[PDB]
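Trainee: Sequence, then structure. It's an experimental one.
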Amino acid sequence: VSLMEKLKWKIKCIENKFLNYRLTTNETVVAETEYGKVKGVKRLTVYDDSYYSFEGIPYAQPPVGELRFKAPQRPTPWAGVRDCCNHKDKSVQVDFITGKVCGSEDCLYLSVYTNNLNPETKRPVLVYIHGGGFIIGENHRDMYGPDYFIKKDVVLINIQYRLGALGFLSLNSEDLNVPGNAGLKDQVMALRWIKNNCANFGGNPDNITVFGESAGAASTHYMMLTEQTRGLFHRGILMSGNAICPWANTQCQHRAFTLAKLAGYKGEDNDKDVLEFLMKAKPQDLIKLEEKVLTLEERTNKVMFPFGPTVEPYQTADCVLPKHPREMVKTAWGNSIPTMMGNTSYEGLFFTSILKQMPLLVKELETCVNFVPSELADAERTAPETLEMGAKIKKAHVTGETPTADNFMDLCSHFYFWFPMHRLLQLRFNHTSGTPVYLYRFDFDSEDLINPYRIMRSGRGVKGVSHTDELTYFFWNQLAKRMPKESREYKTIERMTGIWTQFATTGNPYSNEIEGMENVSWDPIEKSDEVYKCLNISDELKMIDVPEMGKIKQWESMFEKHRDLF
């Protein structure tokens, strides 16, 4: 991020401090939890609404010392009142604006918001799992403010979970009890807390919806796949991602050794001696080196992150992912709850700044071998079958005689988002009770209201609807402002939170109380459909055939000889 955007951000951090004070009221309130009483507080919004706020509710023991890299343990209870009028630390990470390491190992918290702690009827409970590649993110209100959703009569809960190597280290040796996925295990313990405790805040434990964007959508989907969570919740919403995405899962068992070596370890490639070294390292020292861990070959093969969700090398009682996601879909409990999925209209537009920076990436489209699904390719990407599959992808995305940045971005929309969604829809239809899945396509562009991922990405002034742009219409953030009621942006806030609340309530996203829906016939996708229908959300709401369908089917065609892998 540029100096000018860094200054502008610092100014916004200070203004947000002042605003937050102005919007804090003096109406403190106490709620019960299974581990002790919590004190929260009423806050106002810039729209002059109000909500009860409890932040910093622990759902697990701080995963420090000997609990580092291990599955979470339940927190210790308390006999008095715990102060929850302020946020806790985020998980250790690199701050994207500043570039410096920030956060704490002491990060296993969730926050609970609602406009009314004693409603006459128990309310639908919406649980947001944040994205950020499993390496960044938080539940702080300067990023994920509940100010729009508290216009609706819901309970909203935003969780944290461990990030990076501290959340996703994985070792083969069973003696060591570091199988992987500690951060997903965190999410499991948070969802158990929510089911056990949401009643204390006016939530219906029999009507919980989990939703997330990007890594939070992959997370939502993992929570729908694992047996650990069977029946814990009742709707899911996957916003630009799922567990079949190529970035959502990695076998990272050798990368602990690599990270240790970067941190100054000398010794053998031996899980015990490697874990021992990493157990004494300063957490910030490990997070700072994480960006250096992937090899050139891995980055070329499109491995996005060194640590993340993984298939666990052995079983334990707390095992979240015992098989590859596609195998887990075959027996998944969550195939049988109402689900909504969708993507933006130009997902890969996110990579604009990356292509400016590294313009030789566009030369990858000359053969497209690097984008062939890894299960079909070779690591060297030189086999003739790999070249033939790459030629198919190239037909789908290269529109003229020389590959362009736009073509690269288009291909990215499909490789990282639309293709895995198609794979997941088709696999799930084979293994479901028949509960509906609905599709949206977010296609609303504005520069009048933005979110911090636009600064991260250097996307100011870039026309089109990038990955992450929909977050602006769900959550308040410190770059936001009060929008006039008549504005296109306000109307889109109303619509998006309306639709999500409607879905959370009923399992059907359609409502004629939502403005612009009077001619919308939003039907779920069927097995028999050759062409997906979606609600395209722009200035109007319109059911259309997914514009991306053609390319989706071209990607599918790479599996003609290997239909069992599709």
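Mentor: Received it, and whenever you're ready, just let me know what you need. Numbers count the residues shown, from 1 in each chain.
Trainee: buried set for the longest helix seen in the chain?
Mentor: In the chain, with assignment by DSSP state H, the single longest helix is helix 3-23. By 16 or more other C-beta atoms under 10 Å, the buried positions in helix 3-23 come out as 9, 12, 16, 20, 23. Bear in mind the C-beta positions are built from the backbone N, C-alpha and C, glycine included.
Trainee: Closest one of these to residue 566?
Mentor: Nearest to residue 566 among the buried residues of helix 3-23: residue 9, at 43.9 Å, using C-beta to C-beta.
Trainee: Could you double-check that that closest one sits in contact with residue 95?
Mentor: No - assessed by C-beta atoms under 8 Å, residue 9 is found out of contact with residue 95, at 9.9 Å.
Trainee: hmm, back to that, what's the longest helix of the chain in contact with?
Mentor: 1, 43-46, 97-98, 141-142, 452, 455, 458, 460, 478-479 (C-beta atoms under 8 Å, 6 or more residues apart in numbering).
Trainee: repeat for stretch 424-434
Mentor: With contacts defined as C-beta under 8 Å, 6+ apart, stretch 424-434 is touched by 221, 242-244, 326, 329-332, 335-336, 341, 437, 525, 527, 532, 566.
Trainee: Just the buried ones from these?
Mentor: Of the contacts of stretch 424-434, these count as buried by 16+ other C-beta under 10 Å: 221, 242, 243, 244, 326, 329, 332, 335, 341, 437, 525, 532.
Trainee: I'd say the last one and residue 523 touch.
Mentor: No - distance between residue 532 and residue 523: 10.9 Å, which falls outside the contact criterion (C-beta under 8 Å).
Trainee: Which residue comes closest to residue 230 once chain neighbours are left out?
Mentor: Leaving aside its sequence neighbours, residue 230 sits nearest to residue 333 (C-beta to C-beta, 6 or more residues apart in numbering; 4.4 Å).
Trainee: quick check: longest strand of the chain.
Mentor: As assigned by DSSP state E, the longest strand anywhere in the chain is strand 203-213.
Trainee: Can you name every helix or strand that that strand contacts?
Mentor: On a contact count with 3 or more C-beta pairs under 8 Å, 6 or more residues apart in numbering; DSSP states H and E, strand 203-213 meets strand 123-129, helix 182-197, helix 215-225, strand 235-239, helix 488-506.
Trainee: In that strand, which residues are buried?
Mentor: Quick answer for strand 203-213 (16+ other C-beta under 10 Å): 203, 204, 205, 207, 208, 209, 210, 211, 212, 213.
Trainee: Which residues are in contact with the residue lying closest to the last one once chain neighbours are set aside?
Mentor: If you skip the residues right next to it in sequence, residue 213 has residue 239 as its closest partner in space, 4.1 Å away by C-beta to C-beta, 6+ apart. Counting by C-beta under 8 Å, 6+ apart, residue 239 makes contact with 211, 212, 213, 214, 216, 217, 341, 342, 470.
Trainee: which residues of the stretch 201-350 of the chain fall in helices?
Mentor: 215-225, 255-262, 271-280, 283-289, 296-300, 325-329 (DSSP state H, counting those that start in this stretch).
Trainee: angle of the third one against helix 255-262?
Mentor: Taking axes from the mean of the first three to the mean of the last three C-alpha atoms, to 10 degrees, one finds helix 271-280 and helix 255-262 inclined to each other by 60 degrees.
Trainee: How about the first one?
Mentor: Angle of helix 215-225 versus helix 255-262, following the same axes, to 10 degrees, is 140 degrees.
Trainee: Format the CA atom coordinates belonging to helix 215-225 as CSV.
Mentor: As requested, the backbone C-alpha atoms of helix 215-225 are provided in CSV (Å, rounded to 0.1, in the frame of the first residue of the first chain):
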residue,chain,number,x,y,z
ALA,A,215,-11.6,-18.3,3.5
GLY,A,216,-14.6,-17.7,5.7
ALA,A,217,-16.8,-19.4,3.0
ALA,A,218,-14.3,-22.3,2.7
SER,A,219,-14.6,-22.4,6.6
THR,A,220,-18.4,-22.4,6.5
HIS,A,221,-18.2,-25.2,4.0
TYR,A,222,-15.7,-27.2,6.2
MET,A,223,-18.1,-26.7,9.1
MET,A,224,-20.9,-28.2,6.9
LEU,A,225,-18.6,-31.2,5.9
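Trainee: That helix packs against which elements?
Mentor: strand 123-129, helix 182-197, strand 203-213, strand 235-239, helix 325-329.
Trainee: how about those, which one is nearest residue 157?
Mentor: The closest of the helices and strands packed on helix 215-225 to residue 157 is strand 123-129. By C-beta to C-beta, the value is 4.8 Å.
Trainee: so what strands line up beside that closest one?
Mentor: Using DSSP bridges, the strands paired with strand 123-129 in its sheet are strand 155-159 (parallel), strand 203-213 (parallel).
Trainee: Reformat the buried residues of strand 203-213 as a markdown table; add distance to residue 161.
Mentor: Output for these, formatted as a markdown table (distance: C-beta to C-beta, whole Å):
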| residue | distance to residue 161 |
| --- | --- |
| 203 | 20 |
| 204 | 24 |
| 205 | 21 |
| 207 | 23 |
| 208 | 17 |
| 209 | 18 |
| 210 | 13 |
| 211 | 15 |
| 212 | 11 |
| 213 | 15 |
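Trainee: Could you let me know which of these ends up closest to residue 169?
Mentor: Distance to residue 169 across those (C-beta to C-beta) is lowest for residue 212, with 22.0 Å.
Trainee: Return the distance of the closest one relative to residue 348.
Mentor: 20 Å (C-beta to C-beta, to the nearest Å).
Trainee: Residue 389 now?
Mentor: 20 Å.
Trainee: Residue 397: neighbour count?
Mentor: Residues lying near residue 397 (other C-beta atoms under 10 Å) number 24.
Trainee: okay, now the closest residue to it other than its chain neighbours: neighbour count?
Mentor: Excluding the flanking residues, the one nearest residue 397 by C-beta to C-beta, 6+ apart is residue 411, at 4.1 Å. Each residue near residue 411 was counted by other C-beta under 10 Å, and the total is 23.
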